[PDB]
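Chemist: Pasting in a structure now, in structure tokens, and then I'll have a few things to ask.
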Amino acid sequence: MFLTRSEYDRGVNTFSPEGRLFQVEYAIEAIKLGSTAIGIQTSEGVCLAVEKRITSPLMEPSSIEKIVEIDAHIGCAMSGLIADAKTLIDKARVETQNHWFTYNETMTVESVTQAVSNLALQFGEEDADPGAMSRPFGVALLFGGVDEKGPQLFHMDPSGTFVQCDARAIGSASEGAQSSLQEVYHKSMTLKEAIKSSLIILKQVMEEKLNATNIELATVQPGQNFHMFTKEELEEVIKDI
Amino acid sequence: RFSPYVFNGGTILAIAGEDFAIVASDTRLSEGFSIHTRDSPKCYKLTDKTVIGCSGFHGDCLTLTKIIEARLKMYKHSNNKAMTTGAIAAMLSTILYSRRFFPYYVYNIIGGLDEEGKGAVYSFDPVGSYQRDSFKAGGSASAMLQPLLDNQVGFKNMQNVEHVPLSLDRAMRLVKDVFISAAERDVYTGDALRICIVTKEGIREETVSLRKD
Amino acid sequence: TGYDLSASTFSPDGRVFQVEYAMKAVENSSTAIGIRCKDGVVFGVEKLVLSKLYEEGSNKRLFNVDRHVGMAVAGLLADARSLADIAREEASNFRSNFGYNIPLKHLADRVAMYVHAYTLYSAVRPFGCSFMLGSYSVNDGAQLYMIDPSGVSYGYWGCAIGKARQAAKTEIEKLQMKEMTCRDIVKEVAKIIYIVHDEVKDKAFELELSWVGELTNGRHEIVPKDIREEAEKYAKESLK
Amino acid sequence: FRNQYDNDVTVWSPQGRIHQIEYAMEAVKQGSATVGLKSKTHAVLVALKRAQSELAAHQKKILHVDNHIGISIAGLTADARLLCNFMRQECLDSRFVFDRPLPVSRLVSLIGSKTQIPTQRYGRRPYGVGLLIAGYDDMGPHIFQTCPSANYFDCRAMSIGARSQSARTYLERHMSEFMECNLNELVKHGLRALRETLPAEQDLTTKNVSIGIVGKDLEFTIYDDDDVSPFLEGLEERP
Amino acid sequence: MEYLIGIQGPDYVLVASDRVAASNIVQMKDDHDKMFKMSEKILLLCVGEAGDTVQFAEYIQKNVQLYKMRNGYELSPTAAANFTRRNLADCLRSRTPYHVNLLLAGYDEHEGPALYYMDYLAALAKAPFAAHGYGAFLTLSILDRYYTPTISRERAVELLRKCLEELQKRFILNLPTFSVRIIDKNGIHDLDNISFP
Amino acid sequence: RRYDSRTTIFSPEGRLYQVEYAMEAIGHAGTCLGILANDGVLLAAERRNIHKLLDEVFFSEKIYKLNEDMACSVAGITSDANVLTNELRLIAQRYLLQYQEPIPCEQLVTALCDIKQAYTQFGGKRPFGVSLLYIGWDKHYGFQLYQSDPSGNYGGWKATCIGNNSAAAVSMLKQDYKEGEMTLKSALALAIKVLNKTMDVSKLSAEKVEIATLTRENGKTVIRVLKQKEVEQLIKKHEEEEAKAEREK
Amino acid sequence: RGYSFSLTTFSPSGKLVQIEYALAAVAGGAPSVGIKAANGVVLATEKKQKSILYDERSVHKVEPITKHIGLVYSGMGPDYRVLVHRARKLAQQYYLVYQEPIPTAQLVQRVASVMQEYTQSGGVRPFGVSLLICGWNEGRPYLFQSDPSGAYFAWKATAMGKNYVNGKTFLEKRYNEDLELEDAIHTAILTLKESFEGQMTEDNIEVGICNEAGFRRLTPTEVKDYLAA
Amino acid sequence: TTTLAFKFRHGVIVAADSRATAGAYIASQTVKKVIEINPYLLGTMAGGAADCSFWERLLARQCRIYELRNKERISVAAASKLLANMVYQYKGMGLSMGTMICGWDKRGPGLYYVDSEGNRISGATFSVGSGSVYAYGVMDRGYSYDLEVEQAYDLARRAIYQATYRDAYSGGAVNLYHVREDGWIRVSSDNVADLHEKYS
Amino acid sequence: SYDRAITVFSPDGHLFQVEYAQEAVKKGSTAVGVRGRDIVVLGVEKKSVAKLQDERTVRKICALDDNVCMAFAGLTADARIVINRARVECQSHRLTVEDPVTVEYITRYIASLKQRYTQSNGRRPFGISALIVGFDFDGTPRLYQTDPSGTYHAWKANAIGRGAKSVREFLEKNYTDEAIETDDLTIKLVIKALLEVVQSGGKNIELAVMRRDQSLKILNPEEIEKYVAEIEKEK
């Protein structure tokens, strides 16, 4: 007995019988097409890790940039369409800077997520401005930073909803990685344990064997600014696994 | 023909302290030679840790206070925290510059407690230049009041005199005295002085009476 | 048949169905009646109480569109509140430019034209609300005007809108309203509202009564609770 | 078939019903339940927050529009964030222009007007957030609910959200007691009513309950995870 | 207050400018260069109200360069002049008139050497020799007296040196050093700065 | 199913069908031929219109003089052509106002082609259904012939024919044209020969063809439409020349 | 299929169908004939009216754009008025700018450009009227037709409207380039007579003549005389 | 105000006074006139303080966005051109600014002067403000590309001091910064009075 | 079903119209780029002379500015619009920041233009993928590639266009530090790779080299003949 008619899925601005707004839901599915990214927030700091998914040896590894710095305090790991991420990372970079100009202070991770989220929400044709993408954005960003409240990791989704998460995985293997994260995460873990744990989970989810080239890892401990482990540093941690 | 501004007069003073910040002001609004009202305090409490003092065209002061008050609420809703004194100062700087071409004729002083818990005074020019200053007097009597504070609070031009951190009591005594002097020699200042002391407990408002003209 | 999908379209037989479909919306709503007597116009709405939780004296279907005119609405309430806003704006404009209280006949026409516009374009659906406006001015007299979703406006000596419109009209017809005075009509409106209400289908109703006339000094106002209570008693007794 | 007549907000159905608006109304049911009740001196909003995962924090269901007004969202969060901003700006505007807290009722009328425009014009989808608005103004404590359809209602009490009939049922039976209730009693009555919505296995915890209280002397305050503990401790056990 | 001089010749155009940029009375820079190379064989020399000079020159330089990238052939000296004039003229009516006086010097293989003069009002005139600035009043006559349409390059630098020495002897403002460059079929060639120590 | 409507939808296989469909229209149009010769460039077109009651009031139905130094012939929807020719004439005049020099020939073509690409990219407008041959002398590259397509793609061709039986003409031209040896006289002859084969009518009417030549004389380009007597002589010369080859055979 | 409904969609085969459909509207229109004689151009059309009730003086099929240019139409009547008004306006704009009466060829190019504009956008419908424009400029008679497509052709003589094909054939047989207008007006009434399907009467037909004097509509009495032949 | 900046082999030395006067009333003797636009490039303010601070602050935001977007620090030249372009757009509306953006970039030590009028000039030695004229003289006599860092610091201090003595609208304390290749370091903040004692 | 509009997202979150535009690039002529230590070489196949067609007009390789050169594969007309827009930006950056554009800035700008077209319905994605080669201020050679989607990536060597899969495999095996050691060797590698996919020989390849400060040079057909000969002889 199969009823597969659909017919309300196509076209945002259409509510399905049952009020489900399917186009947005489909966008959330897109992040599954993307490479898995896992973030652990610990008292010592928030660590972000992603799988590069390098198609050909000729492509230069540095160019793939799935972890980027919004500002020294806040960094973002993105999984999903790379292009729509670039717009969202840009709104964030401008908003952090606009806050410094207007208020001479550093935006909290939550405000920065609210700011990018506000752009994501506009996909609904909420505003009359011509330059707003009609499609919901297809990227999910994990934003982690040290703020007044200390290390914080917020996860944002194509819907535009954002929530603090002690640990979250966005991406192809997010289901299952999240399950493993649930078992491993304990609030007391130090960042050193988290980096090892996150990389262990990534090794399991990733199809290719883990190598310094295939992974990008970053940390924002409270004293330090966003730091991306260099190949040498990555080699040391992967060796420990 | 129409002149968009009038000098409504008034003087504002702010003295910082290791743990306290005092902002004080006259209560007389005067247009021309006439006294519009003898009870218009020029100090407004932006937040528990900050007070703004504005002197100049009153109409601009009322609008600016309304704008700053609104923006403070918007910061609270968006960022889920109170604006610090440092932030209010930077926001005011930007707000004032917005009208560089048709300016707000307001001399503004923001005094408050900083995040460290120390007292900070921020003084702004009419077009928004802001400097963190230990003591500042603004308004019609800035000229008369500022020198005294500099000798007494800043120990300037005094040789062989020890430097003692100001105490809330010595400062209240000093503020009352400087305003008494201005009442005598500045026509604009007079009627009453509202002294607002911001301390970890919060703003406390004390009113003393200066000479009615 | 694609003729009914839009209001821009005209059916091969000449009928714009989308407007007719909108008119069916008013029938979904509860009945509301307005009767014009010599002194002034009395409007009554049977407001179903969907839940005990909803506050009494709220969810009003009778709106004051200006000091001298009152509007009773039936149909999708959201559209009605919006139409009421359009009417209030129009009334303000007539006072602002022409300097006097809007003549009701003109008000009905201006609001009707706005309602009709929606009928022509394909971007906007026809409004789903049918409303009655009434006013008393010493010079103009007592005027009751009803506007359909189509934008047709006509003046009615007595009028009914809503689910029981046909039944109510029969009762209103036997009233000799022209001779009757405003205070007496309030009792009569209630009797009709009670007669039309179907207890089995609709659990319970609160009668909301409003009036404009010489007694109100030409201000549309909610009937004082003493007068309403007396009328509700007269109605139950008559229902027997 | 009748697949036709459901595609757009601009198409009236053969029987007078705009289906998309109804479909939008269904969205509120998808959201977690929230209960709002009023006493002669106070108005209370209680919400059952939901979490994506154990690691994830519970979502915010209660948001502060102004000192005198606060809202609880049931439905798509995005529509709520947008409506809340409009409401906050409308309130800020009144204080700058008239220096008076906006009457709560007037704000709800404005939310209704903004909400209706999507319903009649091709283009933007009807807002699918259902909002419970609570405030104390000079007239008194007020509790109002707004449907995705622009219609708004003033209520002695209301619960919007999934399994909210159960809450409405409890509220109706214990409704008379609410008017003379003390604040602790009123929040307690509400926490019990939302408990009915919860599945039998689930229990109210400090983590999933958010309470917002506004009153003559109380500015709207959202008591959250550790601050709901005073109100929750007094409660009994599941019936 | 700034001096631009250009002498066209049988096969070359020689252009010179003072190297001084100044504020009210302090000569902030002694090495300003007022020559901007629009193309391999076109130089625009611009003197005028501060800001307007650099802004107009850069806009013209880039637009001329865009033509080179887009079409593959550099614009002819005459065409460029007409283009700069159109732009300045269009602006003159506008609320943002660039107050700039320009001399454009170029060599086109087909049409040979060319020197064009445009005033702030945007008039364009091809001229055998021209100068812009208060200095021009003193030196235009020296060129007029000693210029032959057949002047040799060596003779031209000499004529230019004579023109500049008058500015040293009589002009009130101190323009100590001048930059000299020649455009020929080969292209813009820098020549030693003529410096009166 | 249908990925061929709206002009903005790439088909699976990446083909923009609406542009391809537009190109089909040019095929129905009357043949237009351009040959580049060392001395001059010529455009010859077949005036498909032959209804007896039509008047030759205009200088040419299908040859238009865009500017002093260039000319164009259009094949395709006539109305679309009128719009493009008006635009080309404005684009050229704008270059002259700005740079006070004649527009280089490629640039005029590149600019019109850009208007043509835009119509393809944006959603509402139909792609322009005209293909046009531009002939001109520019100081930079001397005599040049360029052909344009509804796609907005342009090319420089020594000789080409657009329109009905274009393929046959190109084949004939490919064998017949001698690179570096063509003279306007020889080319006009090549044109008559190719036109005769492509056109269905056994005898070129001499009222069924319009031939226009651009030559630089005395330093100024002259675009002249050959008058009917001149063309009639060319047809007679061809008829005789071919007959002589048949008589030899 | 899909190609037929849209106006911005080229059908496989590169035909814009809605325009073709638009031309079909002109064909259904009342017969109109135009003959360009050496001394003048005669435009004539059938003005058959459903009832005696209609007042003929009220509306005229043949209209004067300017003193020397006049037009006749076959197609949708409401559309003709829009084009006529735009035409009368386009001519006055020429006079203001160049202070000379507009050359006929120029007006036809300008009116046609307007027609093409309507064709491009999806929102509008192509005009469903074809116009025959007749004018005397520079001592030379001119006749032009502008079809809904936006294309103008110059005809020594042509017929648009019902039985256009048969009309053109009759005209080709009866057309002599040296014809004078007095003879030509007779030829035209004969061409219309071929497809009238009713007794022609002065009212049933409307005729206009362009010469050095300029466009004029023969009044009913004059036509009665010509019909008497 | 007097602001002095010179480029020497070891870097750019930027110095400034601290007095701001409204009319003839010295509103503040402690104004910080060297604005730290970035950890690596610094600017100075002469002319209206508000105009300089807002516009320099905006440049700093632009510079950070570029560093984040382009993953490299903006060059001093580019920075100056952005500031110049922004101020020119407001030409004739009354902004008064004279600023000397100073930084070390790949090109080397870089010092530029941008003015509200629009001039942007890069040079070894520049001084802006009411007292510039007095300062240029002392700096000019003692300047050399090869100056030991200590001597360089002394020249700047003597130069602002001589300026403070002659110019009424300049005075207060001399704040001196050295832009080294790594970044700006704040060498000193001597009050003029102390300087009067040392120099005399 | 989910392939008719760029805005619509498929169940499974695939935007089909963008993918289809990438298919268009495959139909286009091949292009190969190799980042040599001191030279960046960009080589493109030429479809055919056609005999009566002048070849000057058809140029796949173009210079965006003095330090940046671009080669494209895909709808030819779209490329001409993108190339022109990039040229305006290169000059505009020079106006705004006084500095020559870095290769990446041009790549990001070109990519954003394409993304802008993908983002809204009512515009069709530009069906071009481009290889932008440039030397930066440091003088490091940089090669970047862009796709109709708007993703930019840096490739040490890459091939876009028809047969790209085959050449890229050849390049993966052939590319080595040893191959890039000599500037001639670098030119040889691209020629050898294009030979793998070109049906004809050297007659059908157009190749260009940009040196550390020299402007882009399109190698003369004779110079290409010499290189193909050395390669054929060594074979």
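Here's how to read the names in the structure tokens: chain A, B, ... by the order shown, residue numbers from 1 in each chain, ligand numbers from 1 in the order shown.
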Write out as a list in words which residues come within 9 Å of residue B:196 when counting only C-alpha atoms, dropping same-chain ones fewer than 6 positions away.

Modeler: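 Answer for this query is residues 21, 22, 23, 24, 25, 43, 45, 51, 203, 204, 205, 206 and 207 of chain B.
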
Chemist: Now that the selection is made, can you save its residues with C-alpha atoms as an mmCIF file, in the first residue's frame?

Modeler:
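Now in selection.cif:
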data_model
loop_
_atom_site.group_PDB
_atom_site.id
_atom_site.type_symbol
_atom_site.label_atom_id
_atom_site.label_comp_id
_atom_site.auth_asym_id
_atom_site.auth_seq_id
_atom_site.Cartn_x
_atom_site.Cartn_y
_atom_site.Cartn_z
ATOM 1 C CA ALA B 21 31.340 56.962 40.149
ATOM 2 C CA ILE B 22 29.537 60.252 40.907
ATOM 3 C CA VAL B 23 27.631 62.183 38.198
ATOM 4 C CA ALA B 24 25.994 65.453 39.249
ATOM 5 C CA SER B 25 24.039 68.206 37.558
ATOM 6 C CA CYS B 43 21.158 63.276 34.964
ATOM 7 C CA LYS B 45 19.955 56.544 34.811
ATOM 8 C CA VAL B 51 24.154 57.383 34.448
ATOM 9 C CA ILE B 203 22.522 54.544 41.807
ATOM 10 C CA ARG B 204 21.553 56.640 44.852
ATOM 11 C CA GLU B 205 20.135 60.121 44.200
ATOM 12 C CA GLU B 206 20.856 62.939 46.695
ATOM 13 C CA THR B 207 19.590 66.503 46.077
#

Chemist: Can you list, as a PyMOL selection string, every protein, DNA or RNA residue that comes within 12 Å of residue I:229 when you count only C-alpha atoms, leaving out same-chain residues fewer than 2 positions away?

Modeler: chain I and resi 188+191-192+201-203+222-227+231-235

Chemist: Using only C-alpha atoms, find which residues of chain A lie within 9 Å of chain I and jot them down as JSON, numbers by chain.

Modeler: {"A": [9, 10, 11, 12, 22, 23, 24, 25, 26, 27, 28, 29, 30, 31, 32, 33, 56, 57, 58, 59, 60, 61, 62, 63, 64, 81, 82, 83, 84, 131, 132, 133, 134, 135, 136, 138]}

Chemist: Residues as selected, C-alpha atoms, written as a tab-separated table (two decimals), in the first residue's frame, can you do that?

Modeler:
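Wrote it out as result_33.tsv, contents follow:
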chain	number	residue	atom	x	y	z
A	9	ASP	CA	6.83	19.39	-1.38
A	10	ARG	CA	7.70	21.56	-4.38
A	11	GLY	CA	7.68	25.26	-3.64
A	12	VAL	CA	8.48	26.92	-0.32
A	22	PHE	CA	8.61	20.16	3.32
A	23	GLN	CA	11.08	22.23	1.28
A	24	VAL	CA	12.77	23.35	4.51
A	25	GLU	CA	12.82	19.75	5.71
A	26	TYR	CA	14.51	18.64	2.47
A	27	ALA	CA	17.20	21.29	3.01
A	28	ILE	CA	17.94	19.78	6.42
A	29	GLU	CA	18.45	16.47	4.53
A	30	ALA	CA	21.06	18.15	2.31
A	31	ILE	CA	23.46	18.60	5.20
A	32	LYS	CA	23.59	14.76	5.25
A	33	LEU	CA	25.12	14.97	1.75
A	56	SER	CA	41.90	14.05	-6.30
A	57	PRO	CA	45.53	14.17	-5.15
A	58	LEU	CA	46.13	17.17	-7.48
A	59	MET	CA	43.61	19.39	-5.60
A	60	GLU	CA	45.54	21.36	-2.97
A	61	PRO	CA	44.37	20.30	0.52
A	62	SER	CA	44.63	23.80	2.05
A	63	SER	CA	41.95	25.20	-0.25
A	64	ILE	CA	39.22	22.97	1.15
A	81	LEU	CA	26.81	23.22	0.22
A	82	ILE	CA	30.16	25.07	0.43
A	83	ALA	CA	28.84	28.05	-1.50
A	84	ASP	CA	25.89	28.95	0.74
A	131	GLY	CA	18.77	40.10	-3.00
A	132	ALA	CA	17.63	37.27	-0.68
A	133	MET	CA	17.93	33.64	-1.76
A	134	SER	CA	14.46	32.09	-2.19
A	135	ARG	CA	15.73	28.61	-1.30
A	136	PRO	CA	16.42	27.80	2.33
A	138	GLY	CA	21.65	24.21	2.55

Chemist: Within 8 Å of residue E:153, counting only C-alpha atoms, which residues qualify if same-chain residues fewer than 4 places away don't, as a CSV table (one decimal) with N, CA and C atoms, in the first residue's frame?

Modeler:
chain,number,residue,atom,x,y,z
E,9,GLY,N,57.3,67.1,-31.2
E,9,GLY,CA,58.4,67.2,-32.1
E,9,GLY,C,58.1,66.5,-33.3
E,12,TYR,N,58.8,62.7,-31.5
E,12,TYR,CA,58.8,62.5,-30.0
E,12,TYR,C,57.9,63.6,-29.3
E,157,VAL,N,65.3,69.0,-25.2
E,157,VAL,CA,65.6,68.9,-23.7
E,157,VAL,C,66.2,70.3,-23.4

Chemist: I need the residues of stretch 15-144 of chain A that end up classed as strand (DSSP E or B) by DSSP on the backbone, written out as a count of residues only.

Modeler: 28

Chemist: Based on only C-alpha atoms, which of the residues in chain D come within 12 Å of chain B? I want them as a list in words.

Modeler: residues 63, 64, 65, 66, 67, 70, 81, 84, 85, 87, 88, 89, 90, 91, 92, 93, 94, 95, 96, 97, 98 and 99 of chain D

Chemist: Can you build me a table of chain F residues sitting at most 6 Å from chain G, with the closest atom pair per residue and its distance in Å to one decimal, using only C-alpha atoms, sorted by chain and residue number, as a tab-separated table?

Modeler:
residue	atom	partner	partner_atom	distance
F:21	CA	G:14	CA	5.1
F:22	CA	G:14	CA	5.2
F:24	CA	G:14	CA	5.3
F:25	CA	G:14	CA	4.4
F:53	CA	G:156	CA	5.3
F:54	CA	G:155	CA	4.3
F:55	CA	G:155	CA	5.5
F:79	CA	G:150	CA	5.1
F:126	CA	G:8	CA	4.7

Chemist: Would you list the contacts of residue C:160 as a compact mmCIF listing (two decimals) with N, CA, C and O atoms, in the first residue's frame, taking every protein, DNA or RNA residue within 7 Å and counting only C-alpha atoms, but skipping same-chain residues closer than 3 positions in sequence?

Modeler:
# COMPACT_ATOMS: atom_id res chain seq x y z
N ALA C 32 -25.76 37.35 12.21
CA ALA C 32 -25.69 38.69 12.80
C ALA C 32 -26.82 39.48 12.16
O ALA C 32 -27.03 39.28 10.97
N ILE C 33 -27.52 40.30 12.91
CA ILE C 33 -28.69 40.98 12.32
C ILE C 33 -28.60 42.47 12.61
O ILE C 33 -27.98 42.82 13.60
N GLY C 34 -29.07 43.29 11.69
CA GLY C 34 -29.14 44.74 11.93
C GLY C 34 -30.49 45.21 11.48
O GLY C 34 -30.90 44.80 10.40
N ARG C 165 -29.18 33.39 7.64
CA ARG C 165 -29.68 34.63 7.02
C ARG C 165 -31.08 34.40 6.51
O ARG C 165 -31.95 35.23 6.79
N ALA C 168 -33.63 34.25 9.37
CA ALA C 168 -33.76 35.52 10.11
C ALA C 168 -34.58 36.49 9.30
O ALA C 168 -35.39 37.20 9.88
N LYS C 169 -34.36 36.50 8.00
CA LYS C 169 -35.04 37.53 7.20
C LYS C 169 -36.54 37.32 7.37
O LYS C 169 -37.26 38.32 7.43

Chemist: Which neighbours of stretch 81-93 of chain E fall inside 10 Å, counting only C-alpha atoms, when residues of the same chain fewer than 5 positions from it are skipped, and could you give them as an NGL selection string?

Modeler: (:E and (42 or 44 or 56-57 or 59-61 or 63-64 or 75-76 or 98-106 or 115-126)) or (:F and (95-101))

Chemist: Could you write out that same residue set with C-alpha atoms as a PDB file, in the first residue's frame?

Modeler:
ATOM      1  CA  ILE E  42      50.234  57.435 -23.642  1.00  0.00           C
ATOM      2  CA  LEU E  44      48.471  61.845 -18.809  1.00  0.00           C
ATOM      3  CA  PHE E  56      40.402  61.604 -12.099  1.00  0.00           C
ATOM      4  CA  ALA E  57      43.764  60.323 -13.263  1.00  0.00           C
ATOM      5  CA  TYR E  59      39.804  56.529 -13.208  1.00  0.00           C
ATOM      6  CA  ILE E  60      41.063  57.398 -16.684  1.00  0.00           C
ATOM      7  CA  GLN E  61      44.131  55.197 -16.336  1.00  0.00           C
ATOM      8  CA  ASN E  63      39.408  52.701 -18.034  1.00  0.00           C
ATOM      9  CA  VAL E  64      42.105  53.021 -20.725  1.00  0.00           C
ATOM     10  CA  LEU E  75      43.490  53.209 -27.507  1.00  0.00           C
ATOM     11  CA  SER E  76      44.945  55.865 -29.868  1.00  0.00           C
ATOM     12  CA  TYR E  98      36.786  67.628 -10.834  1.00  0.00           C
ATOM     13  CA  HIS E  99      38.805  70.875 -10.925  1.00  0.00           C
ATOM     14  CA  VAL E 100      41.728  69.401 -12.896  1.00  0.00           C
ATOM     15  CA  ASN E 101      43.854  70.792 -15.732  1.00  0.00           C
ATOM     16  CA  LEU E 102      45.424  68.044 -17.905  1.00  0.00           C
ATOM     17  CA  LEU E 103      47.955  67.627 -20.741  1.00  0.00           C
ATOM     18  CA  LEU E 104      47.847  64.266 -22.611  1.00  0.00           C
ATOM     19  CA  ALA E 105      50.879  63.148 -24.624  1.00  0.00           C
ATOM     20  CA  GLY E 106      50.948  60.060 -26.841  1.00  0.00           C
ATOM     21  CA  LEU E 115      50.041  66.501 -27.341  1.00  0.00           C
ATOM     22  CA  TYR E 116      46.510  67.456 -26.224  1.00  0.00           C
ATOM     23  CA  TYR E 117      45.566  70.139 -23.635  1.00  0.00           C
ATOM     24  CA  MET E 118      42.339  70.133 -21.577  1.00  0.00           C
ATOM     25  CA  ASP E 119      41.353  72.878 -19.128  1.00  0.00           C
ATOM     26  CA  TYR E 120      39.124  72.389 -16.070  1.00  0.00           C
ATOM     27  CA  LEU E 121      36.142  73.476 -18.158  1.00  0.00           C
ATOM     28  CA  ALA E 122      36.948  70.476 -20.479  1.00  0.00           C
ATOM     29  CA  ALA E 123      38.031  72.180 -23.701  1.00  0.00           C
ATOM     30  CA  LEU E 124      40.415  69.859 -25.671  1.00  0.00           C
ATOM     31  CA  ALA E 125      42.985  71.349 -28.059  1.00  0.00           C
ATOM     32  CA  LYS E 126      45.788  69.573 -29.926  1.00  0.00           C
TER      33      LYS E 126
ATOM     34  CA  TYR F  95      31.375  54.890 -29.234  1.00  0.00           C
ATOM     35  CA  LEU F  96      31.933  57.764 -31.638  1.00  0.00           C
ATOM     36  CA  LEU F  97      30.646  60.296 -29.099  1.00  0.00           C
ATOM     37  CA  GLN F  98      32.893  58.907 -26.366  1.00  0.00           C
ATOM     38  CA  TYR F  99      36.155  58.159 -28.211  1.00  0.00           C
ATOM     39  CA  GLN F 100      35.572  60.352 -31.302  1.00  0.00           C
ATOM     40  CA  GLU F 101      36.772  57.492 -33.544  1.00  0.00           C
TER      41      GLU F 101
END

Chemist: What's the separation between atom CA of residue A:48 and atom CA of residue A:95, in Å to one decimal place?

Modeler: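 Answer for the atom CA of residue A:48 to atom CA of residue A:95 separation: 21.6 Å.
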
Chemist: Assign secondary structure with DSSP using the backbone only, and return the residues of stretch 19-142 of chain A in helix (DSSP H, G or I) as JSON, numbers by chain.

Modeler: {"A": [22, 23, 24, 25, 26, 27, 28, 29, 30, 31, 32, 33, 61, 62, 63, 82, 83, 84, 85, 86, 87, 88, 89, 90, 91, 92, 93, 94, 95, 96, 97, 98, 99, 100, 101, 102, 103, 109, 110, 111, 112, 113, 114, 115, 116, 117, 118, 119, 120, 121, 122, 123, 124]}

Chemist: Just give me the gap between atom CA of residue B:36 and atom CA of residue B:4 in Å, one decimal is fine.

Modeler: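 Between these atoms lies a distance of 18.1 Å.
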
Chemist: Using only C-alpha atoms, which protein or nucleic acid residues come within 9 Å of stretch 176-179 of chain D? Drop anything in the same chain fewer than 2 positions from it, and give the result as a list in words.

Modeler: residues 37, 38, 39, 40, 41, 156, 171, 172, 173, 174, 181, 182, 185, 186 and 189 of chain D

Chemist: Atom CA of residue G:211 and atom CA of residue G:140, how far apart in Å?

Modeler: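 So the answer is 8.8 Å.
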
Chemist: Starting from chain C, keep only residues with some atom at most 9 Å from an atom of chain D, counting only C-alpha atoms, and report them as a VMD selection string.

Modeler: chain C and resid 4 to 7 17 to 28 51 to 59 76 to 79 81 to 82 85 122 to 128

Chemist: Write out as a ChimeraX atom specification each polymer residue whose atoms come within 10 Å of residue A:217, counting only C-alpha atoms; drop sequence neighbours fewer than 3 positions from it.

Modeler: /A:37-39,47-51,66-67,77,195,198-199,212,227-231,233-234
